[PDB]
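J.: chains from the complex, first installment, not repositioned:
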Amino acid sequence: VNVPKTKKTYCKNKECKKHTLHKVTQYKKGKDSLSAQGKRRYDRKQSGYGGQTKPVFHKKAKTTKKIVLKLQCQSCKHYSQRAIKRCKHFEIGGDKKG
Amino acid sequence: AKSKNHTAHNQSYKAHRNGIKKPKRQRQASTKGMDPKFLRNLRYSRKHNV
Amino acid sequence: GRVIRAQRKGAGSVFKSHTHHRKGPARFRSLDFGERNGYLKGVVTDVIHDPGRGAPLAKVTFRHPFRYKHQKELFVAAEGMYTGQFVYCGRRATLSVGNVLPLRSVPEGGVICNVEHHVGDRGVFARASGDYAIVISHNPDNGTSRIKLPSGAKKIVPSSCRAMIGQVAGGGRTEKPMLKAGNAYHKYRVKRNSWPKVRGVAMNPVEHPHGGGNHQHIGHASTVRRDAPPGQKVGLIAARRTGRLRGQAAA
């Protein structure tokens, strides 16, 4: 599934509130941080004896994710993000269909 | 031991033995859900009756 | 499972050494001035069979160097010793079968037995029936010597380690087939409770890693690792190879 690099949708910033021109990117999960309360809790809980305390997931079933598009308008430099339907292959600015 | 069972047998009896309760028809029927463009007007007139 | 015989032997319960009729520790003399710096004359009195050991023992009656009494020492008989023989101890003992000399005084090529390892630990190598160590070479810049042990290994020992020249008696003993479970039993009563020895494959799983199964088989590799926990380290331990030994590997 191909999506254009640059798209005109609504920008909610109190400065724009109109269709502007948004650059597109792809959402990629930022890196997990060592100081989040959930992480210092789990690292406290895992410490000691008793082994694995929180469950760990094994029976994976999905093969595809929902893409999230991080659209940045060229006008106030604020992002807003939109998830599209599930797909296997995904490419921004691919050669157009003929 | 077939744990899948299904009938409607006796369900009409349970329904009807205490009637099929119709709701009380109402003077001043409810407006919730109506067209907001119609209801704003309707409210505002009643705001400015005399 | 339950604790396995290889693990039960470390308790001492019934597996201790059957040593009621053994004649005592068979070892050299407490190294002293006289036998550092000369020779002491001792006379064999009897060649006594030591129970539970194939090598005969020789009662040697030294004269105490500085008190007025005899010293009944007790050696491992070197093939050749007889009652009435004079065995001499020390550094200037003549190189005669039965005398004990430091290795600084055994010419290269000579056979020795009962080799000490820390000077004065009274004999540890080449002691069992009919085994000997050959003094391969000397190094006087460090005061050490080298020997070829019975095992085919080659050990550097201090040049002042003593040794009985000759070879231990009782040699050739393990050539005779025992032919009888009876002979085997009477062999092992006087050593220790280690016979009859049951195949693991004919055990139940709860007491041996090879156990159980509608057929008798091991079911997994019989070679176990060096670090395997006690109770798992049964089989062939840390084996470099298996199968019949052919060629150079049989050296």
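T.: Good, I have the coordinates. Numbering: from 1, shown residues only, chains lettered A, B, ... in the order given.

J.: contacts and neighbour counts: CA atoms only from here.
T.: Will do.

J.: which stretches in chain B count as helices?
T.: B:11-17, B:36-47 (DSSP state H).

J.: nope, the stretch 51-200 of chain C is what I was after
T.: C:181-189 (DSSP state H, counting those that start in this stretch).

J.: can you give me the strands in it?
T.: For the stretch 51-200 of chain C, the strands defined by DSSP state E, counting those that start in this stretch occupy C:57-63, C:70-76, C:86-90, C:100-102, C:111-113, C:133-139, C:144-148, C:154-158, C:162-165.

J.: surely residue A:86 is in a strand?
T.: Yes - checked against DSSP: H, G, I helix; E, B strand; the rest coil, residue A:86 lies within a strand.

J.: from residue C:61, how far off is it?
T.: Note on residue A:86: its distance to residue C:61, by C-alpha to C-alpha, to the nearest Å, is 100 Å.

J.: can you tell me the centre-most residue of chain B?
T.: In chain B, the centroid-proximal residue (C-alpha atoms, centre = their mean) is residue B:23; its distance is 7.1 Å.

J.: circling back to that earlier point, residue A:86 and residue C:61: which is more packed in?
T.: Neighbour totals were compared for residue A:86 and residue C:61, and residue C:61 leads with 19 against 14 (other C-alpha atoms under 10 Å in any protein chain shown).

J.: further, place RNA strand D onto the existing structure:
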RNA sequence: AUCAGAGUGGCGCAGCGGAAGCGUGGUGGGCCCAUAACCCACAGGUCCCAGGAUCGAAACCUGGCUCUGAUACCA
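T.: Below is RNA strand D, added to the chains above:
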């Protein structure tokens, strides 16, 4: 009985939609007194029977068949 597998040159097997080959055999020559062997060339097939889609099948899938292999237990 179900579950799979393979059906492709005369033989045994390759094969990923543009679509036919590997080894061996067949054919005509050459070396040879002659046959091999070897050297140079030449022809190959209903891609198991009936379909469908599909730029496009022999392959994807579905029906019709033959051989082969599996799991077929507590009473």
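
J.: circling back: so what does the residue nearest to the centre of chain B have for phi and psi?
T.: Per-residue torsions, residue B:23: phi -80, psi 140 (degrees, to the nearest 10).

J.: ok, now which ones touch residue C:222?
T.: Residues in contact with residue C:222 (C-alpha atoms under 8 Å, 6 or more residues apart in numbering or on different chains) are C:235, C:236.

J.: what's the closest non-adjacent residue to the residue nearest to the spatial centre of chain A?
T.: By C-alpha atoms, centre = their mean, chain A has its centre lying nearest to residue A:27, at 3.4 Å. Closest residue in space to residue A:27, ignoring its immediate chain neighbours: residue A:68 at 5.1 Å, by C-alpha to C-alpha, 6 or more residues apart in numbering or on different chains.

J.: which strands or helices does the helix or strand harbouring that neighbour pack on?
T.: Using DSSP states H and E, residue A:68 sits within strand A:65-73. Applying 3 or more C-alpha pairs under 8 Å, 6 or more residues apart in numbering or on different chains; DSSP states H and E, we find strand A:65-73 packed against strand A:22-23, strand A:79-87.

J.: further, place RNA strand E onto the existing structure:
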RNA sequence: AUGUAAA
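T.: Just below you will find RNA strand E, in place on the chains above:
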């Protein structure tokens, strides 16, 4: 590698 049974 090999060499009509047909004299």
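
J.: how many neighbours does residue 43 have?
T.: In the absence of a named chain, this looks at chain A. Look at residue A:43: counted by other C-alpha under 10 Å, it has 12 neighbours.

J.: to clarify, I was referring to chain C.
T.: The burial count for residue C:43: 19, using other C-alpha under 10 Å.

J.: got it, and the one 3 residues further on?
T.: Neighbouring residues of residue C:46 were enumerated by other C-alpha under 10 Å; the total is 18.

J.: adjacent strands (with direction) for the helix or strand hosting it?
T.: Using DSSP H and E, the element containing residue C:46 is strand C:39-48. Sheet pairing of strand C:39-48 (DSSP bridges) gives strand C:57-63 (antiparallel), strand C:86-90 (antiparallel).

J.: may I see the buried residues of that strand?
T.: C:39, C:40, C:42, C:43, C:44, C:45, C:46, C:47 (16 or more other C-alpha atoms under 10 Å in any protein chain shown).

J.: outside of it, which residues touch it?
T.: C:34, C:56-63, C:77, C:82-93.
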